[PDB]
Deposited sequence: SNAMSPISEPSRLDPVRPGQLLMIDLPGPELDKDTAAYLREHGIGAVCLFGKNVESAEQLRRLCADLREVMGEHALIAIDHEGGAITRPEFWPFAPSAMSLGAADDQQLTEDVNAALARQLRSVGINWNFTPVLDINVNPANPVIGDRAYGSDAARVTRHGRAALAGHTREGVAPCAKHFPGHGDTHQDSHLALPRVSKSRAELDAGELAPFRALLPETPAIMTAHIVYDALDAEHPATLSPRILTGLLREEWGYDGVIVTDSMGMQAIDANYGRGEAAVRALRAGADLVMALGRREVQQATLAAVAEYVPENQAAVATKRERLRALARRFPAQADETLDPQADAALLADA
């Protein structure tokens, strides 16, 4: 649309320095039209302070604001008690607390499967060791958020449960066959798609899907599989681009442009202002030649915020 061209900042989710929205940060959000922020421990002191922080963010960012947080018993606990209704209700209570402070996005449920006992990558944070158990409690977690007006985001697609890292600088790999993936890693996401408004992708290489690129940078995975095979029309967000294995293998801006091209709607551009600025600069070169594609990405983000408005 002529009157409202897509800006590079509207495709990024950034982090903030502290518990208060300082003037320079406000000026910066407004300057670039940043539409999404993720909050962490460094931003959280009390419910009163957090409510003040999210109200300020909503005032600066406007009606499309996506205000996310990363993170009450464990997923393993709930998985084990195995009362689906309990899982839903605990997530419903968590979502009500988030809603009262002005947060409209939570990064759960984990749909990773803790399948390999001798390789607990996820551990406590998964609901179980098979797809069936993860699917059942994942459904409950999604519904508890959704019914309370908070967008949940399933992670980490296509499944972090059983990855192998050759070194701390190498991308983790999964070398299982497609049929194995279908029965395991992929099953909970596939089963839960119509209830999943957002999905966060994993910096993991799946040999059976795309032997050359991590999922977050893979057109075969984000577009071929998620969009085309599965018909997924929700938000795809990349995992944090500041994680070491990516950082050691790609430039920040290059990686973010590649994620958007591959099929992400939203890039998590976490880190100090200088790295955020470098990401903006790269996306600023991509956006003008890809206006229809980025319009579609922005509308997914906007549809999410309309459904789950931040204003407390």
In sequence order, which deposited residues have no C-alpha? 1 to 10, 82 to 94, 336 to 351
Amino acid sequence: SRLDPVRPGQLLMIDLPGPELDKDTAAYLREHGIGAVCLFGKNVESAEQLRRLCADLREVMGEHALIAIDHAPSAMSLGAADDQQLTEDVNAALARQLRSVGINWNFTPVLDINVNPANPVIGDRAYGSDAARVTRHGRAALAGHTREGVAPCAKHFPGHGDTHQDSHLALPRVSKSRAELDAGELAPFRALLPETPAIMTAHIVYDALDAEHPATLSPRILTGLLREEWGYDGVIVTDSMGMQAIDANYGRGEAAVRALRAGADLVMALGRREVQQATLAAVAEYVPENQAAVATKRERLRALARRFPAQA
From here on, numbers count along this sequence of modelled residues.
So which stretch wins on mean C-alpha B-factor, 61 to 69 or 245 to 253? 245 to 253
For the stretches 282 to 290 and 45 to 53, which has the higher mean C-alpha B-factor as given in the deposited record? 45 to 53
Residue selected from 169, 103, 222, 76 by maximal Cα B factor: 76
Please work out which residue in 234, 152, 117, 188 has the highest C-alpha B-factor recorded for this crystal structure. 117
Can you work out whether the C-alpha temperature factor of residue 157 puts it in the lowest, middle or highest third of the chain? middle
Check where residue 141 lands among this chain's C-alpha B-factors and tell me if it's the lowest, middle or highest third. middle
Chain-relative C-alpha B factor for residue 2 (record values, thirds): the highest
Where does the C-alpha B-factor of residue 129 rank in its chain, lowest, middle or highest third? highest
Once the chain's modelled residues are ordered by C-alpha B factor and cut into thirds, is residue 81 in the lowest, middle or highest one? highest
